[PDB]
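Since every read-out is calculated from the coordinates, none of them should be taken as a lab result. Cβ coordinates were reconstructed from backbone atoms using ideal geometry, including for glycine residues, and neighbour counts include every protein chain displayed.
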Amino acid sequence: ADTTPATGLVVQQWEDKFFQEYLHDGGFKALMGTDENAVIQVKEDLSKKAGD
Amino acid sequence: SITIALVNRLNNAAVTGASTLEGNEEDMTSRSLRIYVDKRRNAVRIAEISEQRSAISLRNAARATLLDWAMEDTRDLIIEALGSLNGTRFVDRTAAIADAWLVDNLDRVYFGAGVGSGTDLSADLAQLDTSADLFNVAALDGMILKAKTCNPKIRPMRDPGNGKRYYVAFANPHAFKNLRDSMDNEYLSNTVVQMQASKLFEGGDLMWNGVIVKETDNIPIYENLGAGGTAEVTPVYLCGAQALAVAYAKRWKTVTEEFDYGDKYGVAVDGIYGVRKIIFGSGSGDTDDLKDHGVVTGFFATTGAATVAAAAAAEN
Amino acid sequence: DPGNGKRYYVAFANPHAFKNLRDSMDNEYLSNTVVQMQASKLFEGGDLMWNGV
Amino acid sequence: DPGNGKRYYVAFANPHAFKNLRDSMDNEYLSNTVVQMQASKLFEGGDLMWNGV
Amino acid sequence: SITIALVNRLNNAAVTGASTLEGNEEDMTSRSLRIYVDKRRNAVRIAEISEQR
């Protein structure tokens, strides 16, 4: 006859890498700016001063 | 076998103010897919007297035919994996498996002209008639919309710029001809783009809404799966990034062996590998409600000759 | 506002609403205009442009 | 077989069959295409090309 | 005459890992075509009086 490995001795391998879901970022980052006519206004004044 | 993993996104509301974050952490979810491999071989044996008698070189012919057979086997395995229902071959599908797959993948399945219910696959295929349920631009646009609205989004194969998302569709020559008949006198003959206009005469892979449609001659045509039990049905596969997975325990390799004191000479091609369609669960369990990760399948009626027998393509 | 009566705005729409807008646009304008950039969007796709928006 | 799914063949047809094919091809496709050679074939009457054939 | 040859493709099912390939090989089929050659000729003969006339 022919020698075969036991059913419980069949090795399964696992990968250390993983996939990530695809997420749409909206594209708003292109509209952010500190200029007066920016579609989205960025006010970073509270990063140096105090207040909520 | 080899197991690959997918990590689901976090969808928990932010902890605002001074509220404690310790003990209120988000439960990360992961999914796994197991891909098996198998050994596939073929061989050709030639006698020395037959080598002497033959006018052509039989060894070179054997090597070339073995290489072609290996390529054909890989292509057939990939095509078969593309049409697998939860890892089960389409011709070997059952009613329960097909119904579960249709229910759990209703956001990635688009029948012709956007018809079909959400409970039974057999009835949905039986709603396909050759008159209005062919493969056209409208069906392709609906399939593209499906690829962009599924709960786990399908990754485009490329993100070249401003809102452009690219995918690759595989279709039979008959479905490709139907798409060309839909595209020829409406958009291809009137567009000012030279590259797309030239495709009307020098036919090739088409482009529509960012999807590159390719003509693969070996996509099966299932027999008597359409309206009235007499209409042929063909699947079209719209794939993005991470659509199929190929595991290679041993690549295609050729060996030679001698038999009968060197009288006979045999060439063999062998390889250990396995091709599967990447599917991940969506329910509470790891593989509770499996979903096609990166593939949208569309069944359309056709008038072409069926490559699969009626008994073979039936729901066994 | 580059002048010459041209005013530009941004628009954000869902893929379903965007598909409806593209269906309204392609069969009439995108397939007939001689503008290469907008004509190529019939096949390549992407964000649409209409009336400066 | 250059690439990109392009497969070429040569068809030989009688002038009657060629005339029938041209009658099927002229008022539908050749009159509107922007390809200079195929458009010129409408008035010059050269060998036809369709689907790589 | 001359002879040209064609080698048909292999269309057998793949052998499983545990199945035996030694002895279950696939026989390659080869086809031949025999092209004959023949002598084709044609002649025209004219008399001297006809040349004068």
- Message: When a/c reaches 1.5 or more, the comparison of a/b and b/c decides; with that in mind, is the protein assembly as shown rounded, prolate or oblate per its Cα gyration tensor?
- Response: oblate
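Which of the three applies to chain C, rounded, prolate or oblate, going by the alpha-carbon gyration tensor with a ≥ b ≥ c and a/c under 1.5 meaning rounded? It would help to have the intermediate numbers written out before the result.
Values: a/c = 2.17, a/b = 1.24, b/c = 1.74.
Note, shape of chain C comes out oblate.
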- What longest range of chain C stays clear of loop-exposed chymotrypsin sites (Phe, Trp or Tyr not before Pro) (DSSP non-H/G/I/E/B, at most 13 other C-beta within 10 angstrom)? C:13-49
- Message: Could you tell me the relative contact order of the range B:116-200? Use alpha-carbon pairs under 8 Å, at least six residues apart, and round to a whole percent.
- Response: 24 percent
- Note on the structure: Taking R0 as 30 Å and r as the Cβ-Cβ distance between B:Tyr36 and D:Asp1, the FRET efficiency 1/(1 + (r/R0)^6), rounded to the nearest 0.05, comes to 0.30
- Message: What does the net charge come to around B:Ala306 if you take all other residues with beta carbon closer than 13 Å to its beta carbon, with K and R at +1 and D and E at -1?
- Response: -2
- Message: Skipping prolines and chain starts, which residues have an amide H placed within reach, meaning under 5 Å, of the one on B:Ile279, given they are 5 or more residues away or on another chain?
- Response: B:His293
- Item | the range B:206-316: translational diffusion in µm²/s, Stokes-Einstein, Kirkwood Rh over Cα pairs, 4 °C, 1.567 mPa s | 71 µm²/s
- Item | Within a Gaussian network of chain A (alpha carbon springs, distance under 10 Å), most fluctuating of A:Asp16, A:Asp35, A:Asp25 | A:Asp16
- Task: Give the percent of DSSP beta bridges with both residues in the range B:112-253 that are antiparallel, rounded to the nearest 5.
- Result: 60 percent
- For B:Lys214, the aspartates and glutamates lying under 13 Å Cα to Cα, once residues fewer than eight places off in the same chain are dropped, come out as B:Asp205
- Note on the structure: Going residue by residue through the range B:142-157, the Karplus relation 6.51 cos²θ - 1.76 cosθ + 1.60 with θ = phi - 60° gives ³J(HN,Hα) values, rounded to whole Hz and with x marking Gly or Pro, of x, 5, 5, 4, 4, 5, 9, 10, 5, 4, x, 5, 8, 6, x, 5
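As a quick test, which of the pairs B:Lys146/B:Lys277; A:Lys29/B:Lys148; B:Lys177/D:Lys6; B:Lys291/D:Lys6; A:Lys29/B:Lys164 have an alpha carbon distance above 24 angstrom in this structure?
Violating the 24 Å limit, Cα to Cα: B:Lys291/D:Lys6.
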- Given the options B:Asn86, B:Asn11, B:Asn224, state which has the largest fluctuation in a GNM of chain B using a 10 Å cut-off (strictly under) for Cα springs. B:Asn11
- Query: How large is ³J(HN,Hα), in whole Hz, for each residue of the range B:198-211 in order, when computed from phi with the Karplus curve 6.51 cos²θ - 1.76 cosθ + 1.60 and θ = phi - 60°, using x for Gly and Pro?
  - Reply: 5, 5, 5, 9, 8, x, x, 4, 8, 9, 7, 6, x, 9
- Query: For B:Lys199, which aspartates and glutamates qualify as cross-link partners when the Cα separation must be under 14 Å and same-chain residues fewer than eight apart are set aside?
  - Reply: B:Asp181, B:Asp184, B:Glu186, B:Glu215
- Message: Can you list residues from other chains, or at least 5 along the same chain, whose modelled amide H is less than 5 Å from the amide H of B:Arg93?
- Response: B:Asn316
- Task: Would you list, by chain and number, the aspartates and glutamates whose Cα falls below 12 Å from the Cα of A:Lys43, excluding same-chain residues fewer than 8 positions away?
- Result: A:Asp35
- Query: What percent does the relative contact order of chain B come to when contacts are Cα pairs within less than 8 Å and at least six residues apart?
  - Reply: 26 percent
- Task: Would you please give the residues with an amide H less than 5 Å from that of B:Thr88, counting only those at least 5 places away or on a separate chain, with H modeled from the backbone geometry?
- Result: none
- Would you mind telling me which residue in B:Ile144, B:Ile278, B:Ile46 has the biggest mean-square fluctuation in a Gaussian network model of chain B, where springs connect alpha carbons within a distance under 10 angstrom? B:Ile46
- Message: With just the Cα atoms defining each centre, how far is the range B:49-65 from the range C:13-34? Give it in Å.
- Response: 60 Å
- Task: Check each of the trypsin sites (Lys or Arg not before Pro) in the range B:225-295 and keep only those in coil by DSSP with at most 15 other C-beta atoms within 10 angstrom; list them in order.
- Result: none
- Note on the structure: In whole Hz, the Karplus estimates of ³J(HN,Hα) for the range E:39-53 (6.51, -1.76, 1.60; θ = phi - 60°; x where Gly or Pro) are 8, 10, 8, 7, 9, 10, 10, 10, 7, 6, 5, 5, 5, 5, 5
- Task: May I ask for the net charge around B:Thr149, where only other residues with Cβ less than 12 Å from the Cβ of B:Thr149 are counted and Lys, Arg are +1 while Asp, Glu are -1?
- Result: +4
- Message: Quick check: Cα centre of the range A:6-52 to Cα centre of the range B:209-279, how many Å?
- Response: 38 Å
